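> Got a structure for you, written out below as structure tokens; questions coming shortly.
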Amino acid sequence: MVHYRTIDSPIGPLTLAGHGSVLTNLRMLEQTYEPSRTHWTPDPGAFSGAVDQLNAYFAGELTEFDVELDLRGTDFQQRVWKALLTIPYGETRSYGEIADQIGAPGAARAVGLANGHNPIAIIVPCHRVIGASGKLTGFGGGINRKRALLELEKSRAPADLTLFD
């Protein structure tokens, strides 16, 4: 029995969910049909490790996530979601690049589709893929959320100013 906890964030209410200390979900779930959520047990308590990290990512301090993930979906989806994890904070790839990486040259359009079913939204960074055109995808508010996340990372001040002295 999945337990979930919704928290607040600059891109809106982010619902977190899974069994115990492993994540299965992370979306902003408001204003779309999400019947799976009714089958879940609320829990203001769990996932607080990840809630900390989320707060810090938005604060601009965190760059890398340490979190347990159980990613479920088709085999193709997992290879795609696994490759998304290999994208560094504040970088991008093309759907074409991801297809090459997971060994399926030409599946750019298949990677776009897999991307939109990413069950864990910030920690698995689907926002960091963008096509040649440079146009953002995602459904409705999803686009503005993505842009937000992209402007966030791109903006982060260098960590150690002492390298300048």
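Here the sequence shown is numbered in the entry's author numbering, starting from 1 and rising by one per residue. Ideal Cβ placement from N, Cα and C applies to all residues, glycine included.
Do you know how far the Cα of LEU16 is from the Cα of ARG5?
5 Å
> Are the CB atoms of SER21 and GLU68 within a distance shorter than 9 Å?
Yes, Cβ-Cβ distance for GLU68 and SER21 is below 9 Å.
> Could you give the C-beta distance for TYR95 and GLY73, rounded to a whole number, given that I count them as a contact under 8 Å?
Wrong, their Cβ atoms sit about 17 Å apart, outside the cutoff.
> Touch check for the segment 151-163 and the segment 107-124: three-plus C-beta pairs under 8 Å?
no
> Note down, in chain order, each residue of its chain lying with its Cβ closer than 7 Å to the Cβ of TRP81, except the 5 sequence neighbours on either side.
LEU71, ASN118 and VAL124
> Which same chain residues, not among the five before or five after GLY138, have their C-beta less than 6 Å away from its C-beta?
Result list for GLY138: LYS146, in chain order.
> Whole angstroms is fine: what's the gap from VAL2's alpha carbon to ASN25's?
The alpha-carbon atoms of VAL2 and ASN25 are separated by roughly 10 Å.
> If distances are taken between C-alpha atoms only, which option among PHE76, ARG93, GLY134 and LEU149 comes closest to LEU113?
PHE76
> If you check the beta carbons only, do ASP43 and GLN53 fall under 9 Å apart?
no
> Using a Cβ-Cβ cut-off of 7 Å (strictly less than) and excluding sequence neighbours within five positions of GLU91, which residues of its own chain qualify?
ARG128
> For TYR57, collect the residues of the same chain with a Cβ closer than 7 Å to its Cβ; drop the 5 residues on either side in sequence, then sort them by chain order.
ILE122
> For the candidate residues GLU34, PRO158, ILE102 and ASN144, whose alpha-carbon lies nearest to that of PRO10?
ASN144
> With a threshold of 7 Å on Cβ separation, who are the neighbours of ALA50 within its own chain once the five nearest residues in sequence on each side are excluded?
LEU16, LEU23 and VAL67
> Hey, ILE87 and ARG93: beta-carbon distance below 9 Å or not?
yes
> Short of 6 Å in beta carbon distance, which residues of its chain neighbour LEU29, apart from the five on each side in sequence? Order them along the chain.
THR15
> Can you give me the Cβ contacts of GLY45 inside the same chain, cut-off strictly under 8 Å, excluding the 5 residues immediately before and after it?
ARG5
> For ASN25, which of helix, strand or coil comes out of DSSP?
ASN25: strand per DSSP, three-state reduction.
> Between which two residues does the beta strand (DSSP E) carrying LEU16 extend?
14-18
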